[PDB]
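Worksheet for the structure shown next.
The sequence lines fix the lettering, A, B, ..., with proteins before strands; numbering per chain opens at 1.
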Amino acid sequence: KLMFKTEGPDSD
Amino acid sequence: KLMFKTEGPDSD
Amino acid sequence: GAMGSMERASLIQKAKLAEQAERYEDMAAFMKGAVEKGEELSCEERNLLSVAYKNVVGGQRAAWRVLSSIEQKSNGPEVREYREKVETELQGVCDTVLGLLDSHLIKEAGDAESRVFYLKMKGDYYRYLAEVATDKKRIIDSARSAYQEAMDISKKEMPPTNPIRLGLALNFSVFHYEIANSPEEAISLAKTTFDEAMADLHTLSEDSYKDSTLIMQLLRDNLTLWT
Amino acid sequence: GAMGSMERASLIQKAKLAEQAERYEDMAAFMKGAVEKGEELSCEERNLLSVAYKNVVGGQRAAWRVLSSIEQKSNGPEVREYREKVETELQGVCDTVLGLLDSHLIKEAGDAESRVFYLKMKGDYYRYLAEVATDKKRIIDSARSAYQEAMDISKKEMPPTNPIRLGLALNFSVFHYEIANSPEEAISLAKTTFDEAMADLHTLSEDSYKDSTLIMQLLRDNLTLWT
Ligand SMILES: N=C(N)c1cc(-c2ccccc2)c(CCCN)s1
Ligand SMILES: N=C(N)c1cc(-c2ccccc2)c(CCCN)s1
Ligand SMILES: [Ca+2]
Ligand SMILES: [Ca+2]
């Protein structure tokens, strides 16, 4: 999936 | 520490 | 529970060690123990709790999407069974964090910086449940409600460059875009949030400017993809 | 134990899913369950078991070195206490893998490719115990003995380009260099291993050539650092 920008660590 | 090359995934 | 015999300050110290060791499970368990001491969290302590669970739930979300994509491609029980196993552990982490927020972080959060932080987390981890949810409507409405309450307080109480406010609006716009299937709401929230922050940057120190522009750039990255 | 009611083939399938999801704890638990079915492992199954535990023990070794370095810098109990916590879980994973090798993978391994693989693992995870060991002499002698038995069989039974043989000698040289404090033995083993593989490459397919030169390059990277 294209994951959008959300706050804090992109740990996924 | 300088970790030397050992076989398989350097997962450390 | 597990951390009931360790000192509050030792749990916080050990959560900081865990972060440096990238032991995010340990970091989450220590911060859970810290919360269960029943005292309010400082700003640094709120950040430790959030970073810890975000790193844990991140691993599970990455894992879930890999498995869900294999499952969909394959449409034996093993793929469905293991996807469920991961989904169930993901739901357990979300349920644990929501448990901490309801018992009793939110009801004792009076200041805007703490209350908006906790309601954002509440929207966030209902959104993580939403991602894997096939009852889905209620979960989605729980996220919206937490987000909206956070947004109302942030607009009244915080300047438009407030990084917590900026992070809230970033996440709520992504909620709008891919959970509520309201991409137009997403785009509107991201533009208005960006432009309002831009017009307040003149008020900030160098340090604060860095902080706010980093989150503004995340709103721009999303807008670039969405338009 | 935990995996006693799942089918052998389902554990193997689920270990492969876990690897793709980067769920290395799950991958190790499934491969442990696969081993405890009591049937010998295929070459692919040995690789799954090794990759799984290597990824798990890797996280713990990285974690341990970060904590040990803070501990040393700081020379309250928290740093020592958390370093111990991580060290104890690291020892538990090493003890679990050694348990599988002794009960009963090694005694049922008759072929060179399987027996050398298992003795290498035995030397490897005694070396991981050696890293955190302050009795240390016996652990170190356990690693040497496993490595040496592996080396004797590999020299007699496998060509010098055999990737398992090459990986064994890579690891045993690192054992020599930083566990036995015999850097001269390390350098000699790495040079002789490299040069003997070089003179046998002419015998290999394109596919096998790739396989052997990748491990040879690891011997060269170490020799570059050591000389
Ligand atoms: N341990 C961590 N990763 C974090 C610690 C803190 C913090 C440190 C001092 C005072 C308040 C908050 C974060 C706030 C984020 C703002 N830049 S994040
Ligand atoms: N699942 C994994 N990461 C691995 C699978 C296999 C394998 C696949 C077919 C037959 C034998 C072994 C590995 C061998 C390594 C040689 N290049 S590694
Ligand atoms: Ca399963
Ligand atoms: Ca501890």
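For the pair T6(B)/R127(D), a side-chain contact is recorded, criterion being any heavy-atom separation below 4.5 Å from C-beta on. Under the 4.5 Å side-chain criterion, counting only non-hydrogen atoms from C-beta, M3(B) is in contact with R65(D).
Only the side chain of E131(D) comes within less than 4.5 Å of a heavy atom in chain B; its backbone stays farther off. Using a 4.5 Å cut-off between heavy atoms, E178(D) contacts chain B through its side chain alone, with no backbone atom that close. Heavy atoms closer than 4.5 Å to chain B are found nowhere in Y24(D), neither backbone nor side chain.
Of all heavy-atom pairs spanning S11(B) and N55(D), the tightest one is CB-OD1, 3.3 Å.
Residue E84(D) qualifies as enclosed at atom CD: its count of foreign heavy atoms under 6.0 Å is above 12. For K155(D), the NZ atom sits in a loose shell: 12 or fewer heavy atoms of surrounding residues, nucleotides or ligands are nearer than 6.0 Å.
Judged by distance alone, the side chain of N222(D) and the main-chain N or O of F4(B) form no donor-acceptor pair under 3.5 Å. Within the 3.5 Å criterion, the main-chain N or O of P9(B) finds a donor-acceptor partner in the side chain of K54(D).
A salt bridge is defined here as a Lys NZ or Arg NE, NH1 or NH2 lying under 4.0 Å from an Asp or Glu carboxylate O, and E7(B) with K120(D) meets this definition.
The NZ atom of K5(B) lies 12.5 Å from the CD1 atom of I215(D); values are rounded to the nearest 0.5 Å.
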